[PDB]
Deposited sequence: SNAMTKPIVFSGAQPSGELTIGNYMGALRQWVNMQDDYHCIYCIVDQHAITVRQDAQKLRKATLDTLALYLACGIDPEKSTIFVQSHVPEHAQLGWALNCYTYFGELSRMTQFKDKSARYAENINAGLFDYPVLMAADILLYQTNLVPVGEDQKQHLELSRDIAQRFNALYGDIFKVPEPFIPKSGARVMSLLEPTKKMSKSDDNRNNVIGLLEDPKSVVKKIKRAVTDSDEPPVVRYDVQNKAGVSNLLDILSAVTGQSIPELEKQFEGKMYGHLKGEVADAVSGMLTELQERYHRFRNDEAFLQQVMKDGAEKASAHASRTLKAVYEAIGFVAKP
């Protein structure tokens, strides 16, 4: 079973979920999946300390609510596993300054500059085979491959060289007000996105404002060139209900845009309400969250420590007694 590593920022849209996470939830027996809530990456940007703590627990409960199973997979909070920072320092010594400077000055903090090395350590600790990345993480993954190959050439094969996982994604979900732009969790305009915790009244409101077209009479037809918004609304509904585009075009024959939007909103919220019930149950049980964090960190450290031991032996450290 291939080992898969994903870092989860403690800060998700229906795009993240239906395009990737929903299917990964069903892949936990074919793969050894690892989910790392990267609170040590989050602190490269200031925020109120209690907000970060709350958001770490939020993120853990959301992943559990989505269906990540702590027995089948390894899920944990990065700072609870000291090996991440330990390996991260060691790998600084096998990273060129020029590699970090060429991926994005006197007033930024050194964590902003150095966090690609920590990311490399996150991955390499677990003998990871596969990393699912957004396109904006491509050069970070490539650095981790180069560090692994460079270290291996010096000391022998210590690290697995990880590969990108190409999704075979469940859906492509576009921004509600920019149907040519992919829906992104980092979008500063939140009316483009539907977050997984949004209530049905918020969902209907964002769906009702989604851009359509000026066709008269209005017609529900898939056409990415001339009807991008209506096409995106059909793709969202298809991602939720599994119906093909032709079935949906038939279902909405003789219907206006208001009706398509209402049914998309109702279908999205039907999906999210089940997710939110599970979320509230996990999030409101902090005793259970602590057990998951405790179990996951010790499972993670058990494997991470085997890799660090090999790394420390290879670079020349006296083994800890």
- [ ] Could you list the ranges of the deposited sequence that have no C-alpha atoms in the model?
- [x] 1-5, 17-18, 112-120
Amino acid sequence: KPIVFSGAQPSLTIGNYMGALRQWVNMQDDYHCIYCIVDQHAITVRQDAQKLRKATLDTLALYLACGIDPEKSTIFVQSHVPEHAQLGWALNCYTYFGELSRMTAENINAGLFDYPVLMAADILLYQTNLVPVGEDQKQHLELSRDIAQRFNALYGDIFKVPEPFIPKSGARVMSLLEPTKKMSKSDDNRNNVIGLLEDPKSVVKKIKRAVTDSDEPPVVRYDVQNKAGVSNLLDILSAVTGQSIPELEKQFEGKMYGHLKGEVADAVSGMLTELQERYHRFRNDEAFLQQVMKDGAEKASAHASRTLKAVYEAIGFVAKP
From here on, numbers count along this sequence of modelled residues.
TODO: On mean C-alpha B-factor from the PDB entry, just flag whether 237-245 or 78-86 is the higher one.
DONE: 237-245
Task: Stretch with the greater mean C-alpha B-factor as recorded in the entry, comparing 39-47 against 279-287 - done: 279-287
Open item on the list: I'd like to know which of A20, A297, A304, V311 has the highest C-alpha temperature factor in the PDB entry.
Closed with: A20
Open item on the list: Take the CA temperature factors straight from the PDB entry and tell me which of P167, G111, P162, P116 peaks.
Closed with: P167
Open item on the list: Taking only the Cα B-factors deposited for this chain, tell me whether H259 sits in the lowest, middle or highest third.
Closed with: highest
Task: Assigned third (lowest, middle, highest) for the C-alpha B factor of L62 - done: lowest
Task: Lowest, middle or highest third - CA B-factor, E178 - done: highest
- [ ] Just say lowest, middle or highest third for the CA B-factor of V292 relative to the other modelled residues in its chain.
- [x] lowest
Task: Lowest, middle or highest third - CA B-factor, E99 - done: middle
